[PDB]
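Worksheet: one structure, shown below.
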Amino acid sequence: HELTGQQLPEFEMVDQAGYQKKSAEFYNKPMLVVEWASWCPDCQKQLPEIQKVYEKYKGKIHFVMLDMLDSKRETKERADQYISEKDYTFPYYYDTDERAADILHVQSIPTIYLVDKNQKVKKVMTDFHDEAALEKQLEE
């Protein structure tokens, strides 16, 4: 709840090229921050829907910020495989040691943050939303 109706807290992430990315160095598009982990059963059920949301809104609203928890039950190798087996086409990142999740106050995964164009958290969704629900939430 606490973030609903609030500017995004500053956090960082590690992408694939070894880069360390800032949460404020991308803008002009509504943002979809999803905190996920491969071992999680609910993450394995919601991410296929987000994959469908990505291939639709990667030519409309874009910006999928997908952080991943670290580093014991979930590792980078266990991460890159899970993305490859399911064949995922979205850009994902590495929330190093769950630092962004600690900043985002993530107490259950997955957690989806609906961010408007101006980087204001509009809706935090911890329950399951399939594609059409995710398509509708972006519209509303």
Side-chain angles (χ1 to χ4, degrees):
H1 275 60
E2 41 182 284
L3 270 69
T4 308
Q6 190 167 268
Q7 186 221 4
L8 268 76
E10 249 281 353
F11 62 97
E12 291 215 327
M13 65 218 72
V14 177
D15 63 2
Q16 167 55 225
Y19 216 108
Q20 179 124 325
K21 189 51 194 49
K22 309 97 208 310
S23 176
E25 274 203 22
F26 52 92
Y27 180 72
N28 232 12
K29 303 285 181 54
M31 194 190 326
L32 196 64
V33 184
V34 185
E35 212 86 13
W36 64 273
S38 70
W39 52 264
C40 182
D42 307 343
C43 292
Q44 291 164 288
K45 184 199 289 181
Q46 180 66 86
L47 282 180
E49 314 292 330
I50 304 183
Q51 170 72 10
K52 301 179 180 187
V53 182
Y54 176 70
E55 299 273 17
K56 286 209 167 54
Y57 289 103
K58 76 183 192 190
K60 297 170 194 175
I61 85 162
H62 299 76
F63 278 23
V64 283
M65 288 293 146
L66 305 172
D67 295 313
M68 189 213 72
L69 284 75
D70 286 59
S71 178
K72 180 190 189 297
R73 258 160 24 214
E74 174 68 31
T75 54
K76 183 189 184 302
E77 285 78 16
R78 196 207 167 111
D80 297 322
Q81 181 165 10
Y82 167 82
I83 300 296
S84 293
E85 314 319 292
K86 276 222 261 201
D87 189 31
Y88 271 146
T89 326
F90 45 54
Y92 69 94
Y93 312 87
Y94 293 113
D95 177 18
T96 308
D97 278 300
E98 316 177 348
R99 284 200 293 265
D102 182 28
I103 291 179
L104 290 166
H105 311 92
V106 176
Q107 301 212 338
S108 62
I109 48 178
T111 300
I112 306 173
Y113 300 88
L114 257 69
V115 174
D116 80 323
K117 191 193 64 175
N118 312 132
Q119 294 189 49
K120 168 196 293 194
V121 175
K122 304 303 282 173
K123 192 194 184 75
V124 182
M125 315 184 314
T126 51
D127 42 13
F128 170 69
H129 303 263
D130 50 317
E131 186 194 7
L134 291 174
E135 311 306 76
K136 191 181 58 180
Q137 285 304 333
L138 293 177
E139 210 178 70
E140 64 181 340

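All residue numbers in this chain count up from 1 along the given sequence. The figures that follow rest on heavy atoms only: side chains count, while hydrogens, waters and symmetry mates do not.
The environment of OH in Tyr27 is crowded: more than 12 heavy-atom neighbours from other residues, nucleotides or ligands sit within 6.0 Å. Crowding of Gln107 atom CD: a count of heavy atoms from other residues, nucleotides or ligands under 6.0 Å not exceeding 12. Other residues, nucleotides and ligands contribute more than 12 heavy atoms inside 6.0 Å of the NZ atom of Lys21. Shown here is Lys45, whose NZ atom has no more than 12 heavy atoms of other residues, nucleotides or ligands within 6.0 Å. For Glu10, the CD atom is densely surrounded, since the number of other residues' heavy atoms within 6.0 Å is greater than 12. For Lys72, the NZ atom sits in a loose shell: 12 or fewer heavy atoms of surrounding residues, nucleotides or ligands are nearer than 6.0 Å.
Of the possible polar contacts, none joining the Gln119 side chain to the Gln7 backbone as a donor-acceptor pair under 3.5 Å is found. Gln51 contributes a side-chain N or O that, together with a main-chain N or O of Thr89, makes up a donor-acceptor pair within less than 3.5 Å. Although no hydrogens or angles enter the test, the distance criterion places no donor-acceptor pair under 3.5 Å between the side chain of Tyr92 and the main chain of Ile83. For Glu74 (side chain) and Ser38 (main-chain N/O), a donor-acceptor pair under 3.5 Å exists by modelled atom type. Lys86 places a side-chain N or O within 3.5 Å of a backbone atom of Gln44 that can act as its donor or acceptor partner.
Paired with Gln137 under the rule side chain to side chain contact (heavy atoms under 4.5 Å, CB included), one option of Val53, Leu32, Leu114 passes, and it is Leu114. Of the residues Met68, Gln20, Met13, the one that meets the side chain to side chain contact (heavy atoms under 4.5 Å, CB included) test with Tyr94 is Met68. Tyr93 pairs in a side chain to side chain contact (heavy atoms under 4.5 Å, CB included) with only one of the listed residues (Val14, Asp15, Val64), which is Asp15.
Atoms NE2 and CD1, on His129 and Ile50 in that order, are 10.0 Å from each other to the nearest 0.5 Å. One finds the OG1 atom of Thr126 at 9.0 Å from the CD1 atom of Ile112 (value rounded to the nearest 0.5 Å). Taking CH2 from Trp36 and CG from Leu69, the interatomic distance works out to 9.5 Å, rounded to the nearest 0.5 Å. With rounding to the nearest 0.5 Å, the separation of CG in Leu104 from CD in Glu35 is 5.5 Å. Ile109 CD1 to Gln46 CD: the interatomic distance, rounded to the nearest 0.5 Å, is 13.0 Å. For the atom pair NZ of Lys56 and CD of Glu135, the computed distance is 5.5 Å after rounding to the nearest 0.5 Å.
Here the side chains of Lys52 and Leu134 are not in contact, with every heavy-atom distance at 4.5 Å or above. Side-chain contact between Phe128 and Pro110: absent, with no pair of heavy atoms (C-beta onward) separated by less than 4.5 Å. No side-chain heavy atom of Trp39 sits less than 4.5 Å from a side-chain heavy atom of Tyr82.
Hydrophobic cluster membership is shared by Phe63 and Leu3, with clusters built from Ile, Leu, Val, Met, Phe, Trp and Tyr side chains linked at under 4.5 angstrom. Using a 4.5 Å cut-off between side-chain heavy atoms of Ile, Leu, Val, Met, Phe, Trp and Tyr, with links allowed through other members, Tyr113 and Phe26 fall into the same hydrophobic cluster. Placement of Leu8 and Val124 within a single hydrophobic cluster is found when ILVMFWY residues are connected by side-chain heavy-atom separations under 4.5 Å, directly or transitively. Hydrophobic clustering, with ILVMFWY side chains joined whenever heavy atoms are under 4.5 angstrom apart, groups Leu138 together with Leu66. Clustering ILVMFWY residues whenever any of their side-chain heavy atoms sit less than 4.5 angstrom apart, transitively, puts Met31 in a cluster other than the one holding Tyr54.
In terms of heavy-atom proximity, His62 sits nearest to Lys29 at ND1-NZ, 3.6 Å. Contact record, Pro9 with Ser23: O-OG, 4.5 Å, taken as the closest heavy-atom pair. A pairwise comparison of heavy atoms in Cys43 and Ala37 identifies CB-O, 3.2 Å as the closest pair.
Salt-bridge check for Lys76 with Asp80: passed, with a basic side-chain N closer than 4.0 Å to an acidic carboxylate O.
Side-chain polar atoms of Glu2 and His105 form a donor-acceptor pair below 3.5 angstrom.
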### Query
Is there a side-chain contact (heavy atoms from CB on, under 4.5 Å) between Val106 and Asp67 once you walk through the steps?
CA-CA 11 Å; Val106 176; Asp67 295 313; over 6 Å; no

